[PDB]
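J.: I'd like to ask some things about the structure below.
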Amino acid sequence: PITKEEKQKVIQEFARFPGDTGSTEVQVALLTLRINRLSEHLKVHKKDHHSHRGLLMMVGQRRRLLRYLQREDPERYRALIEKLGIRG
Amino acid sequence: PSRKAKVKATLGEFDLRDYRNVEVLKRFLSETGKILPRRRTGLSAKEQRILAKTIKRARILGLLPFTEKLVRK
Amino acid sequence: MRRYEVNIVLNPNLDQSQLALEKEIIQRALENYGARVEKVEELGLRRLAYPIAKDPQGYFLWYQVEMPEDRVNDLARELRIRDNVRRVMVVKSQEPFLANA
Amino acid sequence: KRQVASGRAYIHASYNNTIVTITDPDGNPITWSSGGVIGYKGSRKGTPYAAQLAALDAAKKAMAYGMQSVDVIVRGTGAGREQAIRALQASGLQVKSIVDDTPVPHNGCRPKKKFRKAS
RNA sequence: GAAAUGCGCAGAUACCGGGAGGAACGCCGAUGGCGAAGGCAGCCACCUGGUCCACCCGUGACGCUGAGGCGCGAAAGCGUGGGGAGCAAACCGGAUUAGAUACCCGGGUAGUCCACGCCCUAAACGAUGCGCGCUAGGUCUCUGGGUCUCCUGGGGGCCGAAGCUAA
Ligand SMILES: [Mg+2]
Ligand SMILES: [Mg+2]
Ligand SMILES: [Mg+2]
Ligand SMILES: [Mg+2]
Ligand SMILES: [Mg+2]
Ligand SMILES: [Mg+2]
Ligand SMILES: [Mg+2]
Ligand SMILES: [Mg+2]
Ligand SMILES: [Mg+2]
Ligand SMILES: [Mg+2]
Ligand SMILES: [Mg+2]
């Protein structure tokens with residue numbers, strides 16, 4: 001799975017400031033954690049079509065927060081992606 | 001009506017996840033080997049669910065019976 | 001690491017020497033698979049509710065272990081390989097759930 | 001005349017016939033009988049009179065081998081399942097127990113169409 | 001219904017013991033639960049989705065819906081392997097009948113099962129698109145929280161205010 005301190009190293013890795021639990025940057029990061037896990041899971045379990053719906057929604061959620069962050073500070077946007085390795 | 005012995009009462013402070021406690025578990029099996037109804041264990045819905053899983057582990061271990069046999073007819 | 005409980009039913013009919021050999025292979029099997037052994041209890045042999053392996057009794061074991069999750073199925077696999085190991089049941093542990101208390 | 005004294009009687013009750021087997025305390029049959037054995041032919045065999053006659057025949061047949069007591073084992077839900085037991089009791093055989101052991105799967109084999117219908 | 005095909009002296013039915021194998025999970029079990037739907041039920045472990053409550057911590061309208069697209073989609077059916085207990089279209093018999101290409105009975109192939117790949121349908125039904133707000137209550141229930149009589153959420157039912165409806 002993904003453990004508390006596993007997760008923690010990601011929130012602190014991305015918070016705009018100490019105690020920032022819920023900024024766009026933090027969320028788009030946390031999802032990419034969950035997405036890569038899921039897609040790793042479905043490369044094995046290609047028939048777990050139920051879980052696959054999960055992935056379609058995480059992705060839909062990611063590119064939705066991304067679509068916002070790019071409309072707000074296209075700096076932080078091109079910044080998040082280079083950090084996470086997406087859009088490419 | 002129809003209220004004779006309810007099995008929750010006629011017992012003490014037992015654990016329900018304990019699959020090794022044959023002498024407490026076998027009180028919830030019928031005269032045959034069957035898991036009893038709630039209207040006969042007097043358990044809560046969540047309680048029965050757990051006893052139901054516990055009894056099954058006990059049967060796999062050979063402590064409780066899967067089935068028995070009626071002795072009057 | 002999760003906390004499990006390993007049940008082992010044993011051939012009720014072996015002696016001190018074939019038992020002490022089995023328990024050996026059981027704790028060595030554990031060692032090789034990550035099993036840090038918390039508390040244990042050899043409850044011994046009881047009357048089976050139904051004959052297992054044509055015996056009407058079975059010798060019982062029980063280990064409470066912390067061990068790697070990804071290794072539990074092999075640990076149980078390896079344990080069943082033996083011949084006087086009649087049953088293996090590996091449950092993951094749970095907080096008890098009192099009732100009528 | 002192999003001498004046994006006590007043993008088991010199996011009643012196999014069914015809708016189409018009743019059928020009684022007597023065995024030694026280990027389950028090897030001593031003697032048996034049924035609705036056809038007592039000269040019935042068609043649907044008459046499952047009648048409860050047949051089960052009386054059949055049970056009584058397999059008792060008399062068994063008291064020759066010297067039976068005296070019997071554990072009874074009902075098996076089935078036929079007509080005259082019970083008229084077979086009544087016969088065994090009134091017969092000169094100690095009926096020390098009656099146990100129903102009708103076999104029943106833990107949902108197992110797809111039944112014949114006759115036997116499933118409205119689920 | 002009554003029967004007859006059928007099986008049985010190469011010893012069946014009934015009964016005890018041993019073995020093989022395929023399929024399905026009795027009770028619990030429902031008025032219960034999960035899921036977007038189709039659907040989901042022995043037990044255990046692993047991998048993985050959704051969801052609900054409390055805290056009121058963080059972001060600051062990031063929302064809703066959605067033509068095309070894409071994925072999913074019971075059963076039957078298709079391809080290639082495999083498997084094949086029980087069941088059973090077609091088919092082969094026995095009966096029934098005025099006839100009986102049928103209902104009843106004895107057999108039985110595909111199929112049902114597995115893997116992979118197609119098919120894309122249905123009384124795919126609540127015959128009720130999704131989301132949000134507003135408008136009496138009573139009561140049974142599943143699952144959280146609280147000061148636990150009761151209060152407050154989330155779900156499943158029933159009766160009913162206002163109102164709606166051709167009914
Ligand atoms: Mg706040
Ligand atoms: Mg602010
Ligand atoms: Mg389909
Ligand atoms: Mg199919
Ligand atoms: Mg095929
Ligand atoms: Mg058939
Ligand atoms: Mg037929
Ligand atoms: Mg409600
Ligand atoms: Mg409610
Ligand atoms: Mg009105
Ligand atoms: Mg009217």
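Here, A, B, ... name the chains of the structure tokens in the order displayed, residue numbers run from 1 inside each chain, and ligands are numbered from 1 in the same displayed order.
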Write as a list in words the residues around ligand 11, taking 12 Å as the cut-off and counting only C-alpha atoms (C1' of nucleotides) and all ligand atoms.

T.: residues 165, 166 and 167 of chain E

J.: Pick out each residue of chain B that DSSP on the backbone tags as strand (DSSP E or B); I need them as a ChimeraX atom specification.

T.: /B:15,29,35,70

J.: Starting from chain B, keep only residues with some atom at most 10 Å from an atom of chain E, counting only C-alpha atoms (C1' of nucleotides), and report them as a PDB file with C-alpha atoms, in the first residue's frame.

T.:
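Output saved as result.pdb:
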```
ATOM      1  CA  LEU B  29     -24.426 -24.521  17.073  1.00  0.00           C
ATOM      2  CA  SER B  30     -27.704 -26.376  16.793  1.00  0.00           C
ATOM      3  CA  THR B  32     -27.276 -30.694  14.265  1.00  0.00           C
ATOM      4  CA  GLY B  33     -24.147 -28.759  13.479  1.00  0.00           C
ATOM      5  CA  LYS B  34     -25.871 -25.645  12.148  1.00  0.00           C
ATOM      6  CA  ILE B  35     -25.135 -22.020  12.992  1.00  0.00           C
ATOM      7  CA  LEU B  36     -28.149 -20.725  14.871  1.00  0.00           C
ATOM      8  CA  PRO B  37     -30.458 -17.879  13.801  1.00  0.00           C
ATOM      9  CA  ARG B  38     -30.348 -14.527  15.504  1.00  0.00           C
ATOM     10  CA  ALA B  45     -26.694  -8.027  13.433  1.00  0.00           C
ATOM     11  CA  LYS B  46     -22.993  -7.122  13.569  1.00  0.00           C
ATOM     12  CA  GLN B  48     -23.899 -12.523  14.378  1.00  0.00           C
ATOM     13  CA  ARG B  49     -21.746 -11.654  11.349  1.00  0.00           C
ATOM     14  CA  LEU B  51     -19.668 -15.347  15.208  1.00  0.00           C
ATOM     15  CA  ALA B  52     -20.585 -16.604  11.748  1.00  0.00           C
ATOM     16  CA  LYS B  53     -17.037 -16.085  10.503  1.00  0.00           C
ATOM     17  CA  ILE B  55     -17.489 -20.595  13.737  1.00  0.00           C
ATOM     18  CA  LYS B  56     -16.283 -21.304  10.210  1.00  0.00           C
ATOM     19  CA  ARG B  57     -12.601 -20.964  11.206  1.00  0.00           C
ATOM     20  CA  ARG B  59     -14.745 -25.915  11.676  1.00  0.00           C
ATOM     21  CA  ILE B  60     -11.688 -25.737   9.427  1.00  0.00           C
ATOM     22  CA  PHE B  66     -19.768 -28.955   9.927  1.00  0.00           C
ATOM     23  CA  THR B  67     -22.847 -31.168  10.439  1.00  0.00           C
TER      24      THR B  67
END
```

J.: What does the list of residues within 8 Å of ligand 6 look like if you count only C-alpha atoms (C1' of nucleotides) and all ligand atoms, written as a VMD selection string?

T.: (chain D and resid 112) or (chain E and resid 87 to 88 107 to 108)

J.: Figure out the distance between CA of residue 14 in chain C and CA of residue 52 in chain C, please, to one decimal in Å.

T.: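 Distance reported for this atom pair: 15.0 Å.
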
J.: For chain A, list the residues within 9 Å of chain E, counting only C-alpha atoms (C1' of nucleotides), and write the list as a ChimeraX atom specification.

T.: /A:1,19-24,26-27,38,41-42,45,48-55,64-69

J.: Could you tell me, as a VMD selection string, which residues of chain A DSSP assigns to alpha helix (DSSP H) when given the backbone?

T.: chain A and resid 4 to 14 24 to 44 49 to 72 74 to 84

J.: Export C-alpha atoms of the chosen residues as a JSON list (two decimals), in the first residue's frame?

T.:
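Below is the file that was written, selection.json:
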```json
[["chain", "number", "residue", "atom", "x", "y", "z"],
["A", 4, "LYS", "CA", 1.58, 7.23, 6.71],
["A", 5, "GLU", "CA", 5.28, 8.16, 6.70],
["A", 6, "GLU", "CA", 5.46, 7.23, 3.02],
["A", 7, "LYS", "CA", 2.69, 9.76, 2.43],
["A", 8, "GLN", "CA", 4.32, 12.21, 4.82],
["A", 9, "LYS", "CA", 7.53, 12.40, 2.83],
["A", 10, "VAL", "CA", 5.34, 13.65, -0.04],
["A", 11, "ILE", "CA", 3.31, 16.31, 1.72],
["A", 12, "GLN", "CA", 6.44, 17.81, 3.30],
["A", 13, "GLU", "CA", 8.19, 17.39, -0.05],
["A", 14, "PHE", "CA", 5.58, 19.64, -1.65],
["A", 24, "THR", "CA", -2.94, 22.26, -5.47],
["A", 25, "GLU", "CA", 0.74, 21.31, -5.53],
["A", 26, "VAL", "CA", 0.26, 18.93, -2.59],
["A", 27, "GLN", "CA", -2.81, 17.30, -4.11],
["A", 28, "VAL", "CA", -1.48, 16.86, -7.65],
["A", 29, "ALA", "CA", 1.53, 15.25, -5.98],
["A", 30, "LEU", "CA", -0.43, 12.89, -3.72],
["A", 31, "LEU", "CA", -2.53, 11.68, -6.70],
["A", 32, "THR", "CA", 0.54, 10.97, -8.79],
["A", 33, "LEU", "CA", 1.61, 8.83, -5.89],
["A", 34, "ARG", "CA", -1.69, 6.94, -6.03],
["A", 35, "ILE", "CA", -1.83, 6.82, -9.84],
["A", 36, "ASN", "CA", 1.60, 5.30, -10.36],
["A", 37, "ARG", "CA", 0.80, 2.73, -7.65],
["A", 38, "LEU", "CA", -2.49, 1.81, -9.36],
["A", 39, "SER", "CA", -0.98, 1.61, -12.84],
["A", 40, "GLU", "CA", 1.78, -0.55, -11.42],
["A", 41, "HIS", "CA", -1.01, -2.72, -9.98],
["A", 42, "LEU", "CA", -2.92, -2.94, -13.27],
["A", 43, "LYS", "CA", 0.11, -3.88, -15.32],
["A", 44, "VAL", "CA", -0.04, -7.16, -13.40],
["A", 49, "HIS", "CA", -11.40, -3.68, -14.48],
["A", 50, "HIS", "CA", -13.15, -2.37, -11.40],
["A", 51, "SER", "CA", -10.00, -0.84, -9.96],
["A", 52, "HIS", "CA", -9.33, 0.58, -13.42],
["A", 53, "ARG", "CA", -12.32, 2.92, -13.01],
["A", 54, "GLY", "CA", -10.56, 4.31, -9.96],
["A", 55, "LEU", "CA", -7.58, 5.24, -12.15],
["A", 56, "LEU", "CA", -9.81, 7.00, -14.70],
["A", 57, "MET", "CA", -11.11, 9.23, -11.93],
["A", 58, "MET", "CA", -7.74, 9.98, -10.26],
["A", 59, "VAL", "CA", -6.48, 11.02, -13.67],
["A", 60, "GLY", "CA", -9.57, 13.07, -14.38],
["A", 61, "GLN", "CA", -9.01, 14.67, -11.01],
["A", 62, "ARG", "CA", -5.32, 15.37, -11.60],
["A", 63, "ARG", "CA", -5.64, 17.06, -14.96],
["A", 64, "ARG", "CA", -8.45, 19.06, -13.46],
["A", 65, "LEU", "CA", -6.37, 20.56, -10.65],
["A", 66, "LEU", "CA", -3.52, 20.92, -13.14],
["A", 67, "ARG", "CA", -5.84, 22.75, -15.53],
["A", 68, "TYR", "CA", -6.54, 25.19, -12.68],
["A", 69, "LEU", "CA", -2.96, 25.67, -11.53],
["A", 70, "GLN", "CA", -1.93, 26.48, -15.10],
["A", 71, "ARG", "CA", -4.69, 29.06, -15.34],
["A", 72, "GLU", "CA", -3.53, 30.68, -12.11],
["A", 74, "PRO", "CA", 1.70, 29.14, -15.04],
["A", 75, "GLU", "CA", 5.00, 29.33, -13.16],
["A", 76, "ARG", "CA", 3.99, 26.88, -10.42],
["A", 77, "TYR", "CA", 2.38, 24.77, -13.16],
["A", 78, "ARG", "CA", 5.37, 24.28, -15.43],
["A", 79, "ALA", "CA", 7.12, 23.89, -12.04],
["A", 80, "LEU", "CA", 4.98, 21.03, -10.65],
["A", 81, "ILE", "CA", 5.30, 19.06, -13.87],
["A", 82, "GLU", "CA", 9.10, 19.23, -14.07],
["A", 83, "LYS", "CA", 9.14, 18.07, -10.45],
["A", 84, "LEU", "CA", 6.65, 15.22, -10.91]]
```

J.: At a cut-off of 8 Å, which residues of chain C touch chain E? Count only C-alpha atoms (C1' of nucleotides) and give the answer as a list in words.

T.: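 Residues of chain C within 8 Å of chain E, counting only C-alpha atoms (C1' of nucleotides): residues 69, 70, 72, 73, 89, 90 and 91 of chain C.
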
J.: Around ligand 3, out to 12 Å and counting only C-alpha atoms (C1' of nucleotides) and all ligand atoms, which residues are there? I want them as a list in words.

T.: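 Those within range of ligand 3 are residues 38, 39, 72, 73, 74, 75, 76, 77, 118, 119, 120, 121, 122 and 124 of chain E.
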
J.: Could you list, as number ranges by chain, all residues that come within 12 Å of ligand 5? Count only C-alpha atoms (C1' of nucleotides) and all ligand atoms.

T.: E: 76-83, 110-118

J.: Please, which residues have at least one atom within 12 Å of an atom of ligand 9, using only C-alpha atoms (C1' of nucleotides) and all ligand atoms, listed as an MDAnalysis selection string?

T.: chainID E and resid 139:144 152:157

J.: Take the residues that were just selected and, keeping N, CA and C atoms (P, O5', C5', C4', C3', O3' and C1' of nucleotides), output them as a PDB file, in the first residue's frame.

T.:
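Written out: part_9.pdb:
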```
ATOM      1  P     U E 139     -42.140   7.584  16.156  1.00  0.00           P
ATOM      2  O5'   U E 139     -41.988   6.200  15.383  1.00  0.00           O
ATOM      3  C5'   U E 139     -43.026   5.239  15.434  1.00  0.00           C
ATOM      4  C4'   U E 139     -42.840   4.179  14.388  1.00  0.00           C
ATOM      5  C3'   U E 139     -41.483   3.490  14.366  1.00  0.00           C
ATOM      6  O3'   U E 139     -41.359   2.477  15.348  1.00  0.00           O
ATOM      7  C1'   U E 139     -42.109   4.078  12.173  1.00  0.00           C
ATOM      8  P     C E 140     -39.917   2.059  15.925  1.00  0.00           P
ATOM      9  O5'   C E 140     -39.362   1.031  14.824  1.00  0.00           O
ATOM     10  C5'   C E 140     -40.095  -0.149  14.503  1.00  0.00           C
ATOM     11  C4'   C E 140     -39.491  -0.974  13.376  1.00  0.00           C
ATOM     12  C3'   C E 140     -37.967  -1.110  13.302  1.00  0.00           C
ATOM     13  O3'   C E 140     -37.413  -2.064  14.190  1.00  0.00           O
ATOM     14  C1'   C E 140     -38.801  -0.633  11.158  1.00  0.00           C
ATOM     15  P     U E 141     -35.895  -1.893  14.720  1.00  0.00           P
ATOM     16  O5'   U E 141     -34.973  -1.953  13.410  1.00  0.00           O
ATOM     17  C5'   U E 141     -34.744  -3.161  12.690  1.00  0.00           C
ATOM     18  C4'   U E 141     -34.053  -2.906  11.367  1.00  0.00           C
ATOM     19  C3'   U E 141     -32.589  -2.524  11.456  1.00  0.00           C
ATOM     20  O3'   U E 141     -31.716  -3.632  11.620  1.00  0.00           O
ATOM     21  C1'   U E 141     -33.712  -1.054   9.963  1.00  0.00           C
ATOM     22  P     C E 142     -30.391  -3.484  12.535  1.00  0.00           P
ATOM     23  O5'   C E 142     -29.192  -3.266  11.498  1.00  0.00           O
ATOM     24  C5'   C E 142     -29.077  -4.023  10.300  1.00  0.00           C
ATOM     25  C4'   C E 142     -28.186  -3.335   9.296  1.00  0.00           C
ATOM     26  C3'   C E 142     -26.970  -2.646   9.882  1.00  0.00           C
ATOM     27  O3'   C E 142     -25.914  -3.521  10.154  1.00  0.00           O
ATOM     28  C1'   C E 142     -28.020  -1.191   8.355  1.00  0.00           C
ATOM     29  P     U E 143     -24.971  -3.181  11.390  1.00  0.00           P
ATOM     30  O5'   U E 143     -24.251  -1.816  11.003  1.00  0.00           O
ATOM     31  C5'   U E 143     -23.234  -1.821  10.026  1.00  0.00           C
ATOM     32  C4'   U E 143     -22.732  -0.441   9.739  1.00  0.00           C
ATOM     33  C3'   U E 143     -22.213   0.338  10.922  1.00  0.00           C
ATOM     34  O3'   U E 143     -20.952  -0.079  11.385  1.00  0.00           O
ATOM     35  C1'   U E 143     -23.581   1.738   9.634  1.00  0.00           C
ATOM     36  P     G E 144     -20.551   0.350  12.865  1.00  0.00           P
ATOM     37  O5'   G E 144     -19.920   1.798  12.657  1.00  0.00           O
ATOM     38  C5'   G E 144     -20.265   2.893  13.492  1.00  0.00           C
ATOM     39  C4'   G E 144     -19.681   4.171  12.954  1.00  0.00           C
ATOM     40  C3'   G E 144     -19.455   5.293  13.956  1.00  0.00           C
ATOM     41  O3'   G E 144     -18.232   5.181  14.666  1.00  0.00           O
ATOM     42  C1'   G E 144     -20.674   6.130  12.161  1.00  0.00           C
ATOM     43  P     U E 152     -31.639  15.910  16.306  1.00  0.00           P
ATOM     44  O5'   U E 152     -30.308  15.839  15.422  1.00  0.00           O
ATOM     45  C5'   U E 152     -29.237  16.753  15.643  1.00  0.00           C
ATOM     46  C4'   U E 152     -27.909  16.228  15.145  1.00  0.00           C
ATOM     47  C3'   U E 152     -27.903  15.621  13.758  1.00  0.00           C
ATOM     48  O3'   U E 152     -27.837  16.635  12.774  1.00  0.00           O
ATOM     49  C1'   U E 152     -26.700  14.222  15.237  1.00  0.00           C
ATOM     50  P     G E 153     -28.266  16.354  11.259  1.00  0.00           P
ATOM     51  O5'   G E 153     -28.022  14.786  11.091  1.00  0.00           O
ATOM     52  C5'   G E 153     -27.772  14.204   9.823  1.00  0.00           C
ATOM     53  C4'   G E 153     -26.321  13.827   9.660  1.00  0.00           C
ATOM     54  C3'   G E 153     -26.035  12.873   8.526  1.00  0.00           C
ATOM     55  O3'   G E 153     -26.025  13.509   7.269  1.00  0.00           O
ATOM     56  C1'   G E 153     -24.916  12.118  10.444  1.00  0.00           C
ATOM     57  P     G E 154     -27.153  13.113   6.203  1.00  0.00           P
ATOM     58  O5'   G E 154     -26.611  11.736   5.602  1.00  0.00           O
ATOM     59  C5'   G E 154     -25.362  11.728   4.929  1.00  0.00           C
ATOM     60  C4'   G E 154     -24.820  10.347   4.730  1.00  0.00           C
ATOM     61  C3'   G E 154     -25.773   9.348   4.115  1.00  0.00           C
ATOM     62  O3'   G E 154     -25.839   9.445   2.712  1.00  0.00           O
ATOM     63  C1'   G E 154     -24.762   8.395   5.988  1.00  0.00           C
ATOM     64  P     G E 155     -27.260   9.330   1.992  1.00  0.00           P
ATOM     65  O5'   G E 155     -27.677   7.792   2.161  1.00  0.00           O
ATOM     66  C5'   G E 155     -27.258   6.813   1.224  1.00  0.00           C
ATOM     67  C4'   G E 155     -27.399   5.383   1.708  1.00  0.00           C
ATOM     68  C3'   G E 155     -28.746   4.716   1.534  1.00  0.00           C
ATOM     69  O3'   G E 155     -29.037   4.335   0.204  1.00  0.00           O
ATOM     70  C1'   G E 155     -27.835   4.144   3.644  1.00  0.00           C
ATOM     71  P     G E 156     -30.546   4.509  -0.299  1.00  0.00           P
ATOM     72  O5'   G E 156     -31.265   3.211   0.232  1.00  0.00           O
ATOM     73  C5'   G E 156     -30.670   1.967   0.004  1.00  0.00           C
ATOM     74  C4'   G E 156     -31.274   0.924   0.883  1.00  0.00           C
ATOM     75  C3'   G E 156     -32.772   0.808   0.810  1.00  0.00           C
ATOM     76  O3'   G E 156     -33.188   0.090  -0.326  1.00  0.00           O
ATOM     77  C1'   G E 156     -32.054   0.663   3.066  1.00  0.00           C
ATOM     78  P     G E 157     -34.650   0.371  -0.879  1.00  0.00           P
ATOM     79  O5'   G E 157     -35.499   0.400   0.457  1.00  0.00           O
ATOM     80  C5'   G E 157     -36.854   0.793   0.479  1.00  0.00           C
ATOM     81  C4'   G E 157     -37.591   0.015   1.525  1.00  0.00           C
ATOM     82  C3'   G E 157     -38.996   0.459   1.805  1.00  0.00           C
ATOM     83  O3'   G E 157     -39.856  -0.023   0.816  1.00  0.00           O
ATOM     84  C1'   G E 157     -37.895   0.057   3.828  1.00  0.00           C
TER      85        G E 157
END
```

J.: Might you pull out every residue within 12 Å of range 127-136 of chain E, with only C-alpha atoms (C1' of nucleotides) counted and same-chain residues fewer than 5 positions away left off, and present them as a list in words?

T.: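 Listing them by chain and then by number gives residues 36, 63, 64, 65, 66, 160, 161, 162 and 163 of chain E.
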
J.: Deliver the residues from the most recent selection as a file, using C-alpha atoms (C1' of nucleotides), as a PDB file, in the first residue's frame.

T.:
```pdb
ATOM      1  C1'   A E  36     -21.886   3.231 -12.025  1.00  0.00           C
ATOM      2  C1'   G E  63     -17.737  23.658  -9.808  1.00  0.00           C
ATOM      3  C1'   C E  64     -22.107  20.805 -12.620  1.00  0.00           C
ATOM      4  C1'   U E  65     -23.350  18.433 -17.025  1.00  0.00           C
ATOM      5  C1'   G E  66     -21.429  16.326 -21.281  1.00  0.00           C
ATOM      6  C1'   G E 160     -48.390   9.468   5.368  1.00  0.00           C
ATOM      7  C1'   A E 161     -48.247  16.819   5.445  1.00  0.00           C
ATOM      8  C1'   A E 162     -48.374  20.143   1.593  1.00  0.00           C
ATOM      9  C1'   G E 163     -48.430  19.407  -3.198  1.00  0.00           C
TER      10        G E 163
END
```

J.: Please identify all residues of chain B having at least one atom at most 9 Å from any atom of chain D, considering only C-alpha atoms, and return them as a list in words.

T.: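 Applying the cut-off to the listed atoms yields residues 68, 69, 70, 71, 72 and 73 of chain B.
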
J.: Would you mind exporting the chosen residues as a short mmCIF file (atom, residue, chain, number, x, y, z; two decimals), in the first residue's frame, restricted to C-alpha atoms?

T.:
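So out-v6.cif came out as:
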```cif
data_model
loop_
_atom_site.label_atom_id
_atom_site.label_comp_id
_atom_site.auth_asym_id
_atom_site.auth_seq_id
_atom_site.Cartn_x
_atom_site.Cartn_y
_atom_site.Cartn_z
CA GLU B 68 -24.37 -33.61 12.91
CA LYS B 69 -27.38 -35.90 13.22
CA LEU B 70 -30.82 -35.70 14.86
CA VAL B 71 -31.39 -38.30 17.60
CA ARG B 72 -35.13 -38.82 18.02
CA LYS B 73 -37.42 -39.09 14.90
#
```

J.: With only C-alpha atoms as the atoms that count, which of C:31, C:83, C:15, C:95 lies nearest to chain B?

T.: C:95

J.: So which residues touch range 53-56 of chain D within 10 Å, counting only C-alpha atoms (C1' of nucleotides), skipping near sequence neighbours fewer than 4 positions away, as a VMD selection string?

T.: chain D and resid 9 to 11 17 to 22 32 to 39 45 48 to 49 60 to 62 83 to 92
